[PDB]
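J.: Structure below; questions to follow.
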There are 2 protein chains.
Amino acid sequence: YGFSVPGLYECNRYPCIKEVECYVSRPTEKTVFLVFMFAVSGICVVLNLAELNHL
Amino acid sequence: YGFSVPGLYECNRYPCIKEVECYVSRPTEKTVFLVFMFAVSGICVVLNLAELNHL
């Protein structure tokens with residue numbers, strides 16, 4: 001997923017003719033959620049590594 | 001105009017997004033009309049040239 005959800009999408013899949021533009025719902029909230037989940041997972045990874053090193 | 005009226009047209013003029021496909025009305029009849037008018041004009045040109053050469 002990367003780090004952001006863009007508001008526009010370029011689509012060229014059948015049955016769409018040539019290339020079309022599509023518009024996403026709540027891109028900013030989804031980007032915020034993505035970044036927050038990444039940060040929480042990183043904190044969890046750091047804590048797990050610290051415990052494992054302590055072992 | 002050339003010699004034919006195609007049934008499909010590819011259009012990329014503002015405000016159309018990127019490239020779009022458009023569909024023409026009765027292309028075959030218009031092609032027949034084009035060819036017929038070209039033939040009649042050619043006959044007129046030939047007759048005019050013949051008269052001018054006769055002069």
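As shown in the structure tokens, the chain order sets the letters A, B, ...; within each chain, residues go from 1, and ligands are also counted from 1 in the order they appear.
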Could you please select, counting only C-alpha atoms, the residues of chain B within 9 Å of chain A and state them as a compact mmCIF listing (two decimals) with C-alpha atoms, in the first residue's frame?

T.:
```
# COMPACT_ATOMS: atom_id res chain seq x y z
CA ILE B 17 -10.42 13.75 -20.14
CA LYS B 18 -7.41 12.20 -21.91
CA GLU B 19 -8.80 10.43 -25.03
CA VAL B 20 -12.41 9.43 -25.66
CA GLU B 21 -14.23 7.48 -28.37
```

J.: Which of chain B counts as strand (DSSP E) under DSSP, as a ChimeraX atom specification please?

T.: /B:8-11,20-23

J.: Would you mind reading off the distance between atom CA of residue 51 of chain B and atom CA of residue 34 of chain B, one decimal, in Å?

T.: 26.0 Å
